[PDB]
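A.B. asks:
There are 2 protein chains.
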Amino acid sequence: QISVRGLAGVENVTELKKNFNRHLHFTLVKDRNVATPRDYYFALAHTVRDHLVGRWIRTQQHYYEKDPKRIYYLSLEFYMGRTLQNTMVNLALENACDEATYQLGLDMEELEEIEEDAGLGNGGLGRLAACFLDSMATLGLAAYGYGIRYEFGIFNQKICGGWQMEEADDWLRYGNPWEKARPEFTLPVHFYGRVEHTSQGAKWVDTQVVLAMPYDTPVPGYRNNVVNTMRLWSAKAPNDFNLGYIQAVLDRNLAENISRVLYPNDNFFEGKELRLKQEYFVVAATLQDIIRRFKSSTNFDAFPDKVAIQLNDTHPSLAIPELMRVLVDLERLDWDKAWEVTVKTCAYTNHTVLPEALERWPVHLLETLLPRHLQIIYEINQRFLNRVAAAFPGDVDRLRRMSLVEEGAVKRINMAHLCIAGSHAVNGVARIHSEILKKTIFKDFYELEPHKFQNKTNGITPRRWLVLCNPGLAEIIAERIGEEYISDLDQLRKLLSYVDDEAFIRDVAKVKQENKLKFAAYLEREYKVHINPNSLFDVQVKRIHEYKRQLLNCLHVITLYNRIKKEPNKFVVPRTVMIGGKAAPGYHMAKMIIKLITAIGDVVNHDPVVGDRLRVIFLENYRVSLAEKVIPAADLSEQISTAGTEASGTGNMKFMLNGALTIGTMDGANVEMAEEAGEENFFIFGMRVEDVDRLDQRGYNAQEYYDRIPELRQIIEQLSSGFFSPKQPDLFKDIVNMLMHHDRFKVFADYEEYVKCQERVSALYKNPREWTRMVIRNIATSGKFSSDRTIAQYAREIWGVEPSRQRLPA
Amino acid sequence: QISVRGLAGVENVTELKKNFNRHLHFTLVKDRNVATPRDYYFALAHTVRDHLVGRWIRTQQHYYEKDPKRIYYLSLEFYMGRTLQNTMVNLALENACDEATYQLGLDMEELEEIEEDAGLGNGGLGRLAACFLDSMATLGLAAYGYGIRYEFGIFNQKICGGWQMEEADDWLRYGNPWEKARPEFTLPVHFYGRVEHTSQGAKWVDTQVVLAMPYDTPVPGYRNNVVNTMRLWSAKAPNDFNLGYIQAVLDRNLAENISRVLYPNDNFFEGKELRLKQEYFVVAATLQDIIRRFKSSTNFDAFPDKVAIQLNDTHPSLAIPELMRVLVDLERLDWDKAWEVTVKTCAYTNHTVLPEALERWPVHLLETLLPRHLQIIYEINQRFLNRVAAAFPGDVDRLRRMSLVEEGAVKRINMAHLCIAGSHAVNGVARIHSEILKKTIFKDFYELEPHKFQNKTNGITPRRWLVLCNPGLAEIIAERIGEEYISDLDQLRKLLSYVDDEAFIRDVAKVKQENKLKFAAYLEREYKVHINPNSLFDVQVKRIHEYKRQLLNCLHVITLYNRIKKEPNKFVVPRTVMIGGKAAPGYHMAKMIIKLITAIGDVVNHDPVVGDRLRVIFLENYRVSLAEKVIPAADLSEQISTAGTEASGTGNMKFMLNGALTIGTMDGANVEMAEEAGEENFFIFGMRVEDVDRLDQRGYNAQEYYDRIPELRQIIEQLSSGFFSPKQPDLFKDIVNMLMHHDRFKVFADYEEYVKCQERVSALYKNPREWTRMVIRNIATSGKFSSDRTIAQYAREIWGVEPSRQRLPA
Ligand SMILES: O=C(/C=C/c1ccc(O)cc1)O[C@@H]1O[C@H](CO)[C@@H](O)[C@H](O)[C@H]1O
Ligand SMILES: O=C(/C=C/c1ccc(O)cc1)O[C@@H]1O[C@H](CO)[C@@H](O)[C@H](O)[C@H]1O
Ligand SMILES: O=c1[nH]cnc2c1ncn2[C@@H]1O[C@H](COP(=O)(O)O)[C@@H](O)[C@H]1O
Ligand SMILES: O=c1[nH]cnc2c1ncn2[C@@H]1O[C@H](COP(=O)(O)O)[C@@H](O)[C@H]1O
Ligand SMILES: *Cc1c(COP(=O)(O)O)cnc(C)c1O
Ligand SMILES: *Cc1c(COP(=O)(O)O)cnc(C)c1O
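From first to last, the protein sequence lines are chains A and B. Letter 566 of the first sequence, counting from 1, is numbered 566 in the working numbering, and no numbers are missing. Letter 715 of the second sequence, counting from 1, is numbered 715 in the working numbering, and no numbers are missing.
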């Protein structure tokens, strides 16, 4: 079909068909007479999986023989999405499989849609981990992702009567052909117990044991024959567990609950015992694996030369005291030596400055669950504070501020402070965020140890986020500049030479139109919703949070509706406004916001005077596989967080790479995207961080904006009086009261500039040539936002390893 | 090697090696550098499994096309043991696989020992179901075994300080290569709710749903290319189940507990709610499958022409009211028609007359869990009792005796009475048992419907129980009479021609000696216990129950020990006395019996005057795979139940086929074994059923035997005074008190005749030629006890189908 999808050679196609039929018969135990599309999906998956194993075995053997420094990426979340297409892309098998299936009378795209997402994450942090695995493999790093195999990932979202309902994500129901269980490599993890002090030191005794059983999933690099491993741990009861008889067997479930379900909070901290168990479970099992591999390469001086441990936020922070526990209690290293090793091995990435997201564990929980770790944390704290006191003598308030132990009604351990003390590098995830860390929440720590603090601006993988999801765009680029850009995204800068090329302009606009048609068709088929494919597709997809200001978008939509009703016969640029994302089940306001969006839709979409000029659609069950569909279809990307709140964003980058223009605040990576593209090619509006600070100083009074802006007052009166909820007039009272009196995120303060900026978007959309020229200037300057660039920086500046695009032999 | 194991052709061996290597690489994702014996076992298993699938697909397609009457064998237990060797035997692959593995540098016997038993049963009833599946496939019947896929089978038994400890049987830890999950064929099962009566009849509403997910396991016939299915159901929560959020997901465990664990009672009734859920779960899922297959072959007149349902005891008895519920409530048949269909479809096998084993469910449990079924049971009862009243007018006590509903403090449903009312055939499992049913517990029912009552004497499969476990014996037989006997066991009668053949006599004795050496070696290797391989191997293996009288064996052992101590310099025939079996976890007396056996061992095995003349060994963790080892090594088979208590026995048959002589009472199938072999070739002793009855009439007084038998008094004084428990003198007080005052099984009444009979065993063992001639007379007359004979009788006399030894094309 298209060149970037590879060759469909006769011998390859013949072999794929043979192996497909072999798996249908022997693996699935089906005859073609009763096989369903799902059976055909599994036959194809097993066929493609076979192509990984030689490379996987050879890669891991290569690491054993060459003994490179090993990189361990520890995360509680890996938001992997679907694996089939990504595997074909990275092995150059897509066209061959397409031809093979076509010859068997099957449509490969239909088969691809059967696969469940591996939804083992909430949003950006989980998806970053997934992009990072892809980039580490593509850059030939000896890297391992370590996490938890959740039986249930992020819930499936259903909308019922305009409200979010949650359904369990039983993603393993039909099996997972990508993973390989390794029950032979099961390891013990200890909980509870008590500490005995002997002549030979501390002993942690009388513990309860849970077993950690690993499942390995292959992670292929882009056409370099490197296949790395993601190892996810599953909890199992020991066989003597509780061992009337029947009840003891049933009670095995209690241990096995550790790996049952992903906590569904994005950017929020819930201090539950089960979450702490999950965090220790991952850490304890992973560290045993790390030490085993090191010993099989007694001298731990070389440990940091052979091992790097990257902490994805504070969630695996217990790695720091666990490494200390192993080195001191089990290996009998002196404390100072063990600490030197630990600091040189560990590095910490921070993802948010919102205080409610920070992990502060009550001491009483740690005392009960992990009594030896608590002792170690207290010793770390005492030695760290002794350093602070020597550097800043007499500064008693600094000692209180920097302590790992927080005083109050309930004493807590600040896990971020632990991570900073115990890591040689601390990074934020975009330039503005990294600067905020040094100036605000971690200022004291930066003053003590400035060398620790780095920036590593986030990125996205151009394999999933261009080649896989938008083959039409990938092909028209490849036609002009070849294929090298797929693993060297800075080559997109070559496209600036084509900004005045009439053929390239029409082809870029053509690809977008095709994607919009395809998406419009998907919506009609799966959700029986009709949209106008000639309208501007205005898209905000991300988790529902007050800081992300879906509410600001809502105010704009109502503004547009009100303007139409006031002047029904005036031309306006038609829009389809699409908002999607999941709310955390316990987050009342986020659930109310979803209801408001659907309620706006109910009014706008059925008003005959509006016609097809404005449609408001809530995209149900936003997830990686839906992102792959909607992002290539978008014209306008909404990135409208209050300045200083979105650490980076990564959705923003996906939109830029796929030919959408951005309306956004100077927040997170938006700042760098605008810098790369030129501010003239971005729709920037609203308060800067400095402006937010100035408002906080004099005090935010929402009433002032209400009093001064008639169009805004109308909207608030409509919300309050029941215009969007005729049967329940007070339905949205909580939203109104929040906006008027308790709005941490200053929605009204950016309303006027946002609406004006949106007017400029509409004006440009009326000129398709100039819209498309601006799009080209965005795509062409997207290169910095490849996760390959991000990972190269982690490798050189934190881990001390050199990337490689060299191919292993097949 | 040996002829009965088949051919090792060059092309076959080459292909097996190729596929073994393919599975090691692609399926297991291992290189040979790090592969362990367990990896090699799995590679071999997958290789052998591949040879089943073509035959499995072709067999099931054949049934779809030809549409024979289908036989559904419903059991809560299938005691399958290991599958690898059995599969090779039935496919004629054993020698080829042996050669293939040998050429790869592997020992196939070593690999076989890695496989876990599928221990999804307790003992005889579960093992009968397994033998029956093998025989149904060998006889070309369109038969399906339906049961539950327990996550944990019968517990692993450990002996600690002489006491039984139970450990969970986590048999699925490393995976099960034999089964194929069929999540696509998942069906709903309903519980709780209430009944609404409408114009259109009864409706069962407001139910809780559990999903039944089937796993299919292939069941190969002996060299006929027939592969039938065992379908086992696993419980799954629906995805909206309970749907704070985390707890709702965790609570899915409650539904999934239905299939978690096998209830470990042999011959005993525990009326727990979870057991009732298991029973309904199997029935409801299975019946949906049955009806679906029937409809895809509205007219239910033909249903009994196309379907037979065999109830393995009363455990799946709810099939009767469930079939009625479906036909009346869902298909809208009139009651009388539905009842005609039900009776003609169902048949019931009874396995015990012990009252404590009979299922009598409290009405209150059924009312809550299964309210519609209870209504149906009451209607069945009323109509049945109307028939009784018409046949026996005025016989009011007969109405009370025959009722399905039992009166008392707690009203109960007698499930056996339900099964008799609702089945066209009721059978016992040996001639004496079937006669007992008609004369005692089911006398009233026999008087009403004599035509219903049949006998089907049990049997064992000669594939597992001769060819697989005792290839040496199978070969020496085959050398004389060829191989046809393996599927036509009556051909063993030809061996009577060889009873005076010196070569055959030495070869039979040689095979036994080899098996004894091998077993002695196994015991030393795995349990560091040494035994004298020239001693008489005296074996009692079966579940520990008072009715089986392991205690009578114990008294004999102590008698032998006491006789040695009294006359240390007198010659006696050396014995190794081996007793093994599991006790139900809640059965105190059975646990005490195990402790007594180990305590006797502690004394006897360390007394220097005894030397190697007497050893007492408790065989730990008795299970199908251990039976395969110990039975071929046995000289004497102990089958010593109180007359009238062991419905059949099947261990007895295994011993007879493998060249052990039997010491036993005239109980169960022992009666028929003696009839076949000649009473002169069996060591029969003790009370007959008629003698037990006479003692019950005047009253059993154990004191009389104590007063009259000095050797018995000595033993009781030894037990009471602490001779076998010096540190805890009163340890065995409960056993003594039971024997003296509350012994339902009359241990003392058979003591004198048992000891005298044992003296005759020893006398014969001193003459190896005459011992072996008697063995030949037993092996030669074993033919009746093939499960092929049993199944042919069920087929012709109950199910209305003709067996076939015709081969399907490969
Ligand atoms: O996604 C998260 C936070 C996740 C989480 C927190 C606490 C839990 O308990 C669970 C998950 O932050 C995001 O991490 C992304 C990648 O750097 C950034 O691009 C986003 O700006 C940031 O909000
Ligand atoms: O094995 C059982 C009974 C099992 C059971 C009962 C109640 C539960 O709740 C669970 C299991 O009976 C055995 O069934 C065997 C085959 O016919 C017979 O050979 C034995 O004589 C008989 O004792
Ligand atoms: O002791 C060993 N001998 C030979 N190869 C080994 C050994 N340990 C690890 N390897 C190789 O390294 C791979 C990865 O092992 P891991 O890193 O311990 O998971 C294995 O699959 C082998 O190919
Ligand atoms: O509708 C049908 N068309 C063709 N073959 C069928 C159909 N239903 C069942 N079969 C065949 O019968 C086999 C057994 O199906 P089952 O008896 O319903 O489990 C299937 O695997 C097919 O080979
Ligand atoms: C990229 C992505 C995110 C992160 O989007 P932001 O706008 O940066 O919050 C969340 N969820 C999914 C499914 C994604 O693909
Ligand atoms: C045959 C068998 C039984 C039944 O033995 P009986 O002596 O008839 O009770 C029990 N358990 C196992 C493992 C068997 O193989």
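Just so it is clear, CB atoms sit at the ideal spot from N, CA and C, and this is done for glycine as well.
1) Starting from B/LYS272 and walking both ways along the alpha helix (DSSP H), at which residues does that stretch end?
2) Which chain A residues are close to B/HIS25, counting only those with a beta carbon under 7 Å from its beta carbon?
3) Using a Cβ-Cβ cutoff of less than 7 Å, which residues in the same chain neighbour B/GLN288 once the five nearest sequence positions on both sides are dropped?
4) Cα separation between B/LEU418 and A/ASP50?
5) In its own chain, which residues sit with a C-beta less than 7 Å from the C-beta of B/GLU116, not counting the 5 before and 5 after it?
6) Under 6 Å from any heavy atom of ligand 6, does the C-beta of B/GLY271 make it?
7) By the DSSP assignment, the beta strand (DSSP E) with A/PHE453 in it spans what residues?
8) Along the segment 179 to 210 of chain B, what residues have a CB closer than 8 Å to any CB found in chain A?
9) At what residues does the beta strand (DSSP E) containing A/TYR73 begin and finish?
10) In chain A, which residues lie with their C-beta within 7 Å of the C-beta of B/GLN728?
11) Note down, in chain order, every chain A residue with its Cβ under 7 Å from the Cβ of B/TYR40.
12) Going along the chain, which residues of its own chain have a beta-carbon closer than 8 Å to the beta-carbon of A/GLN703, five neighbours each way excluded?
13) Which of helix, strand or coil does DSSP assign to A/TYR192?
14) Determine the burial state of B/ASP507: buried for a count of at least 16 other Cβ atoms within 10 Å of its Cβ, exposed for fewer.
15) Comparing the CB of A/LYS629 with every heavy atom of ligand 5, is any distance shorter than 6 Å?
16) In the DSSP assignment, what are the bridge partners of A/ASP216?
17) Taking A/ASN414 as part of the beta strand (DSSP E), name the residues at either end of that continuous run.
18) Please determine whether the Cβ atom of A/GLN208 lies at a distance below 6 Å from any heavy atom of ligand 3.
19) How far does the beta strand (DSSP E) with A/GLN164 in it reach, from first residue to last?
20) When you compare each of A/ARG796, A/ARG805, A/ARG372 and A/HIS742 to A/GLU196 by their alpha carbons, which one comes out closest?
21) Helix, strand or coil for B/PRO450, going by three-state DSSP, please let me know.
22) Whose C-alpha, out of B/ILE716, B/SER487, B/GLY428 and B/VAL363, is nearest the C-alpha of B/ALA137?
23) What residues match up with A/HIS51 in a beta bridge as DSSP calls it?
24) Chain A beta carbons: is any one of them nearer than 7 Å to that of B/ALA45?
25) Report buried or exposed for A/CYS554, applying the criterion of at least 16 other Cβ atoms within 10 angstroms of its Cβ.
26) Let me know if A/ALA674 comes out buried or exposed under the rule of 16 or more other beta-carbons within 10 Å of its beta-carbon.
27) Which one of A/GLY81, A/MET108, A/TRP56 and A/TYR144 has the shortest CA to CA distance from A/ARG70?
28) For B/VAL761 and chain A, any beta-carbon pair shorter than 7 Å?
29) Would you give the residue range spanned by the alpha helix (DSSP H) that A/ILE798 belongs to?
30) Quick check: A/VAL747 and A/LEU719, are their CB atoms within less than 7 Å of each other?
31) Run through DSSP, which three-state label would B/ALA521 get?
32) Would you mind listing the alpha helix (DSSP H) stretches within the segment 665 to 736 of chain A that are 4+ residues and don't spill past its ends, in chain order?
33) Confirm the yes/no value for this check: CB of A/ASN458, any heavy atom of ligand 1, distance under 6 Å.
34) Drop a sphere of 10 angstroms on the beta-carbon of A/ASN225, count the other beta-carbons inside from all chains shown, and report buried for 16 or more, exposed for fewer.
35) So within the segment 487 to 559 of chain A, which uninterrupted alpha helix (DSSP H) runs reach at least 4 residues, ignoring any that extend past its ends?
C.D. replies: In short, the structure shows the following:
1) B/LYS272 -> no alpha helix (DSSP H), and no H or E assigned at all.
2) Residues of chain A passing the Cβ test: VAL53.
3) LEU187
4) 55 Å
5) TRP171
6) no
7) Start and end: 453 to 455.
8) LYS180, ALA181, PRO183 and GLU184
9) Run containing A/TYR73: 70 to 74, per the beta strand (DSSP E) assignment.
10) Residues of chain A passing the Cβ test: none, with the nearest at roughly 24 Å.
11) Simply none; closest approach about 13 Å.
12) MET740
13) coil
14) buried
15) Shortest gap from the CB of A/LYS629 to any heavy atom of ligand 5: 6 Å or more.
16) Within the DSSP secondary-structure output, A/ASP216 pairs in a beta bridge with A/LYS180 and A/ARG231.
17) 412 to 414
18) no
19) 163 to 167
20) A/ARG372
21) Correct three-state label for B/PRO450: helix.
22) It is B/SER487 whose Cα lies nearest to the Cα of B/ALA137.
23) Looking at the DSSP assignment, A/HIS51 forms no beta bridge with any residue, so it has no partner.
24) no
25) buried
26) It counts as buried.
27) Closest by alpha carbon: A/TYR144.
28) no
29) Careful: A/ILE798 lies outside any alpha helix (DSSP H) and carries neither H nor E.
30) no
31) It is helical.
32) Within the segment 665 to 736 of chain A, the alpha helix (DSSP H) runs of at least 4 residues that lie entirely inside it are, in chain order, 670 to 677, 689 to 698, 702 to 708 and 710 to 721.
33) yes
34) buried
35) 502 to 527
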